[PDB]
Every structure is written in structure tokens, then in C-alpha cells.
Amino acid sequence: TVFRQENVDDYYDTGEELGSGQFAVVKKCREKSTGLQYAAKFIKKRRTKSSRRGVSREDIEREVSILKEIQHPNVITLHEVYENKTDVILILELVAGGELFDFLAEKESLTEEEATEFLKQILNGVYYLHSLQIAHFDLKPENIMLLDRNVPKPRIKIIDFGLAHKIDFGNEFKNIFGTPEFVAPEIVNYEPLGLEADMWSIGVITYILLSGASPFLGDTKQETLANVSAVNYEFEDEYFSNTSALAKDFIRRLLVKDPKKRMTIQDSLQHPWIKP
């Protein structure tokens, strides 16, 4: 598939940088014809078929295909796509309230109500994706963005579909691997992957939201991965002494090694800690 090859600077003005990644940079932009603002994500293309730098065209096309299908309050949307010889440029919805990660750093930890306010939205977004057989594969606080961080109950959107895949056969067996602290055991062990991997990540996010601590974090990436595979985590009393047993129950049913025994997104929405 081919994208718009006109110079993006002919249609948009760019501003402040909103994010920087291994092969991507995000800049705030404004469309000249409407005055509306967006987030422009510049993704570096591979220069040769046998290169490790840049993103393969197959990977870029997959991300765009997935982004073009989604429209939900809790997920980012795609406005337009441009490309030149160096980059593919995604013009995405602007989410200007910052990362959930940064919001958490400001509060240290959240009350159960504050945590479930965010979690309900994350679950709603993931329910939408899973309904479409889309696995995100990179859920973490840095990939959750608030629309406005200065309101009592912030609205959030899931971003960064760079690792997302359609799961048409129940599982996929590809080169997929995200951030060590949030990946499921099946990712660590290079086993077939499905929608269940996202549910594990949600369990990790929940633990962090309630305690301010990462459940499997080791001193090195390899130690973290080994901890994940062994399901080496516990609820430290210092952090969870006043956390309800039902919150712990929710987490416990997500941080399960066997994906077939882990709660599904539908199960999580009906769990007594979440169900209103």
C-alpha cells in the first residue's frame, strides 16, 4: 500500500516534540486547512532489506492497517498517512495530557477508586480491540495517554500500535516482544501468542497503579524476564496492607502463567472489583 507522498510541510506546521522512540519521533502539528492539531509520528524506514535499523515496510503497513480500523473513545485514531524516502508519517489524534506513567510519578500511587477509574477505561479500550481480534502486545503506563491531566477523573486513550497484530487463528507465532516488565510468560518463552498476553499486561499495570512498584522488576532485563517466566511476584505488605482483598484477587487472576487459565477481557469486566 502507498501513502501520500506530498511534502507533509505543505499541509501541516510542526511544533513541540511529544515523544521520542528507537525509530520514531513525535511532533505536535497543525493542519493548515482546518487549524486542527494532531500528533505527527515520524517512523524511520529501513534503507535495505538486510538492515536492523528502521522499521520494515511489512511492520509499518500492519500498524497502519490496524489503526485505520479503530474508532473508540479509549483508543487513538489515525487522521492521515504520509511518506517519503526516509519516513512514514502518521498523523494521529493529539492526546495532550501526558502519559499515565508521568501522572503516576506525580501521585506515587493511586487509591482503589482512582485506579479503577483508569482501569475501567483501559478495559473498555481493550474490550473493543479484542472484539476485533486485535492484540496490542505493548500495554504499559507509557502507552496510556490522558486527554487532560488537570481534571478529577482523567479520560485516557491507548496509543502505540507498533506491535499490534490481528489474531485470526486464536494465536500468532511471530517475532513479537515488548518491554520486559510488562510481557507475559508466553512472550518470554517464545510460545504462540494471543489476546491473553494483553490481560497479563493489565495485571502488571494494576499492580503498579495500586503500589507504585513493578511486580517482576529485576536489576537487569534478563532477571526481569526470568521473574516473569517463574511468576515471581508477591504483594508486599508495606505497599498493599490497606489494599482490598478483592483488588488483590483481580490481579491474581491476571498474573497466571497458563494463558488458558487467565481471565479474559470479558471476565475482567464482570469481576466483582470492576463490575458496578
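In this text, residue numbers run from 1 along the sequence as written. In this text, rigid core is short for the largest set of C-alphas that superpose within 1.5 Å between two forms.
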Report the stretch with the higher root mean square CA deviation, pooled over structures and residues in 8 other deposited structures of this protein, choosing between 84 to 92 and 165 to 173 after a rigid core fit. 165 to 173
Core-fitted comparison in 8 other deposited structures of this protein, 141 to 149 vs 121 to 129, farther C-alphas: 141 to 149
Hey, does residue 160 drop out of the model in a third or more of the other PDB entries compared here? no
Answer yes if residue 186 is missing coordinates in at least a third of the other compared entries, and no if every one of them models it. no
Average Cα temperature factor in the PDB entry - higher stretch of 150 to 158, 91 to 99: 150 to 158
Tell me which of 214 to 222 and 41 to 49 has the higher mean C-alpha B-factor in the deposited entry. 41 to 49
Looking at 85, 79, 72, 136, which one carries the largest C-alpha B-factor according to the PDB entry? 85
Would you mind finding, among 175, 189, 131, 206, the residue with the largest C-alpha temperature factor in the entry? 175
Looking at the entry's B-factor column for C-alpha atoms only, identify whether residue 144 ranks in the lowest, middle or highest third of its chain. middle
Would you mind checking where the Cα B-factor of residue 235 ranks among the modelled residues of its chain, as the lowest, middle or highest third? middle
Based on the deposited C-alpha B factors for this chain, I'd like to know if residue 20 is in the lowest, middle or highest third. highest
Going by the recorded CA B-factors, say which third of the chain residue 261 sits in, lowest, middle or highest. middle
The third of the chain into which the C-alpha temperature factor of residue 194 falls is the middle
